[PDB]
């Protein structure tokens, strides 16, 4: 029952993803390929990271995550395959996914194969890893790899091999922690009683506004459900609401809610209407929260 969950910047308007899928089913005959999304901004490793960090707990043990945008295609720079440690609990609260109490997952049950460009920064940060290797072996990549299509050559093809049970440690040499590339991110800043962050994403197609202020940052200022909040966007736009668990807790359609999203971050939205689209609110704008 092997599965590959597939995330790229290849787009949905041509045959790029199909080329990758064909090779996958060739290497691992009865694999299931699951598309995450393929429409991220090319080269934005920070954005791709967001689409893959919370994946593991939803998926059956032994899932291979094939995640790629490949700015430096055709250079010396290679792919990293890693085995993660803890399929982290996620969510507003911090639980497993599934019916009942949830589906608890065993340690070291997921592999990520990605270019070594920092795409995995937040995966390693939240899940840890037990082992990591550079992907070099003639058995899992082409001997003459196409210079313009490294997602196919250096990610898709070897993810399929992994999926089929080609042993992880046989793909190439082990990498020291310092050889695995990370991007940097400003942390949530404190300002007395105030937390200062950024709008990290607009949640499409709804136009909810996700921040980088996490519950653990909030409850650092002793902030939890019911707290009467002021949340300033773009430095000039206050917004006052109490911290609620959902959209409908604001009353009337169109009314403002400040809440915790399903990845656990502080968000703002309207009840059954768009917040972000009418006022052109954007990823990148400042976000401050206070009691």
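Rigid core here is just the name for the largest C-alpha set that superposes within 1.5 Å across the two forms. Positions refer to the first chain, counted from 1.
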Rigid core superposition result in 7 other deposited structures of this protein, more deviant of 218 to 226, 59 to 67 by Cα:
218 to 226
Greatest C-alpha divergence in 7 other deposited structures of this protein once each structure is fitted on the rigid core, 69 to 77 or 184 to 192
184 to 192
Mean C-alpha B-factor comparison - 114 to 122 and 141 to 149, higher one
141 to 149
Averaging only over Cα atoms, indicate whether 95 to 103 or 159 to 167 has the higher B-factor in the PDB entry.
95 to 103
When the entry's CA B-factors for 211, 77, 208, 109 are compared, the highest one belongs to 77
Determine which member of 36, 256, 223, 64 has the highest CA B-factor, using the values in the deposited entry.
223
Chain-relative CA temperature factor third for residue 55
middle
Quick one: classify residue 237 as lowest, middle or highest third of the chain based on its Cα B-factor.
highest
In terms of the chain's CA B-factor thirds, is residue 174 lowest, middle or highest?
middle
Where does residue 82 sit by CA temperature factor within its chain: lowest, middle or highest third?
middle
Considering only modelled residues of the same chain, in which third does the CA B-factor of residue 203 rank: lowest, middle or highest?
middle
